[PDB]
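Structure record follows, encoded as structure tokens.
Side chains are part of it too, since the values below use all heavy atoms of this structure and drop only hydrogens, waters and symmetry mates. Just so you know, ligand 1 is whichever comes first in the structure, and atom 1 is the first atom listed for that ligand. Numbers here simply count residues along the sequence, with the first being 1.
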Amino acid sequence: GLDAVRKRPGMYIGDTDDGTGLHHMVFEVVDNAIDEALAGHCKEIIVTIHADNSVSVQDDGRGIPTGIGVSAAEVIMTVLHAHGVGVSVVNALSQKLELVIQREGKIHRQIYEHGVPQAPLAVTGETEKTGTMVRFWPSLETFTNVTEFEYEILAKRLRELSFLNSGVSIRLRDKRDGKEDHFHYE
Ligand SMILES: CO[C@@H]1[C@@H](OC(=O)c2ccc(C)[nH]2)[C@@H](O)[C@H](Oc2ccc3c(O)c(NC(=O)c4ccc(O)c(CC=C(C)C)c4)c(=O)oc3c2Cl)OC1(C)C
């Protein structure tokens, strides 16, 4: 797993030099979010392009199962297959990834670096909401040439996903210039 995806990134995520793979990192995370909506638990997904060239995806689904050794969420984030290659591949190809889960009345947080957790999933507070939030900074040792996220590419796929999932609200936000969109087609 981990190490092997790192050694041959292209085979799993696509062209690492023309931007195809870069944007598909985002799509893989969104697809995971889409599932929680297809399951009948998620109603709105928010995708954000931060000014430090990172992307975050948040939803209001159940939240990735926590609790145990390692929590079920850590297994999902670090074990290959524990088009959809998983967040585990996205995590291994990110120089930094931030994971936040709201489930069973608690706020859980964890940081990853090139797929390795700096520490175990920790509880940092109470909450009465549920949902998952993943924010990742693409590894510049893997991705070359096109290294910055393009809004139009994201907007194009997010719209098609909206039409194929009538009912789920999808919002796109660019913090680099204030652009924003809301897809909710019929
Ligand atoms: C990357 O994660 C994805 C999710 O991505 C996301 O939700 C996601 C990623 C990024 C963003 C913003 N959203 C989403 O694809 C999808 O979600 C599921 C898919 C199935 C279940 C499920 O059967 C439940 N039933 C339980 O009783 C339960 C309780 C304890 C427990 O140990 C397990 C087994 C553990 C796992 C991980 C299935 C199940 C439940 O409670 O929750 C689930 C969730 Cl949250 O699959 C993941 C593998 C967990």
Kindly print each ligand 1 N/O atom paired with any protein N/O atom under 3.5 angstrom away, one pair per line, or none if nothing qualifies.
{"unit_1": "ligand 1", "atom_1": "13 (N)", "unit_2": "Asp59", "atom_2": "OD2", "d": "2.8"}
{"unit_1": "ligand 1", "atom_1": "15 (O)", "unit_2": "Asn32", "atom_2": "O", "d": "2.8"}
{"unit_1": "ligand 1", "atom_1": "17 (O)", "unit_2": "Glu36", "atom_2": "OE1", "d": "3.4"}
{"unit_1": "ligand 1", "atom_1": "41 (O)", "unit_2": "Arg103", "atom_2": "NH1", "d": "3.4"}
{"unit_1": "ligand 1", "atom_1": "41 (O)", "unit_2": "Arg103", "atom_2": "NH2", "d": "3.0"}
{"unit_1": "ligand 1", "atom_1": "42 (O)", "unit_2": "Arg103", "atom_2": "NH2", "d": "3.1"}

Discussion item. Hydrogens and angles aside, do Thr124 and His108 bring a side-chain donor and acceptor to less than 3.5 Å of each other?
Written reply: no
Worksheet entry | Under the side chain to side chain donor-acceptor pair (under 3.5 Å) test, residues paired with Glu128 that sit two or more places apart | none
Discussion item. Quick test of your reading of the model: are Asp52 and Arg135 salt-bridged, counting only N-O distances below 4.0 Å?
Written reply: yes
Return all side-chain donor-acceptor pairs below 3.5 angstrom for residues 2-13, not counting sequence neighbours, or 'none' if the list is empty.
{"unit_1": "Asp3", "atom_1": "OD1", "unit_2": "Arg6", "atom_2": "NH1", "d": "3.3"}
{"unit_1": "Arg6", "atom_1": "NH2", "unit_2": "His114", "atom_2": "O", "d": "3.1"}

Worksheet item: Can you name the residues that form a side chain to side chain donor-acceptor pair (under 3.5 Å) with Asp35, not counting sequence neighbours?
Response: none
Worksheet item: Regarding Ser56 and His50, is there a side-chain donor-to-acceptor distance under 3.5 Å anywhere?
Response: yes
